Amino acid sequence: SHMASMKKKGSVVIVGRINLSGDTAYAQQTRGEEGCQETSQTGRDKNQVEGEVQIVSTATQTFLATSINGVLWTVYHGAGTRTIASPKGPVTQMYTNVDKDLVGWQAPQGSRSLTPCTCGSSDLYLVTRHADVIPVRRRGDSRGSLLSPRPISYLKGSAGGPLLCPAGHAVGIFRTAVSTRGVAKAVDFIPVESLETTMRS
């Protein structure tokens, strides 16, 4: 302890994006490691934000955050209770729910939001932090199966990323991979209706 020397955790910092605006998905880095560490400390990020899916970092982890209905959502297991860096300084979470593994901040100016799905469709697509678009069959409210299994390395750092309907509506937020002996066959996600409930409380 000793209060005079106690440290503060830094802000979550946007360090890039998954670009989905064209015919090709690809990852873009907007901030390297030294700038990220500085921005984490001040909570002041003057970078212009664009797009729906951000790549975010703390001091110890890198993962995704997805804008839906003007809220930038990610996983509690990545972000904890942290603020996010913004042009005006650190921004406090608007939503925090450890039970859902969910947090949200006001979507950054410049971001674009995905629309919540209304199709009731079960043919889905998971966007990874490396900008891979993996097909996923919905198997329950919060479960989908990967049409082609991958090692868990392949999904590491994609928590907070979106599951999309063929149209491109947001169906959910990737939470955790279900694996056996290191191979991911299934995914757990936070369905968008759970977000929408949270957005009414």
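A residue's number is simply how far along the shown sequence it sits, counting from 1.
- Remark: stretch with higher mean C-alpha B factor among 127-135 and 103-111 is 127-135.
- Look at the C-alpha B-factors of 143-151 and of 28-36. On average they run higher in 143-151.
- Sorting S86, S122, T96, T92 by the CA temperature factor given in the entry leaves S122 at the top.
- The PDB entry assigns the greatest CA B-factor among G160, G172, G51, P166 to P166.
- Ranked against the other modelled residues of its chain, the C-alpha B-factor of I14 as given in the entry falls in the lowest third.
- Annotation for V192: CA B-factor lies in the middle third of the chain's modelled residues.
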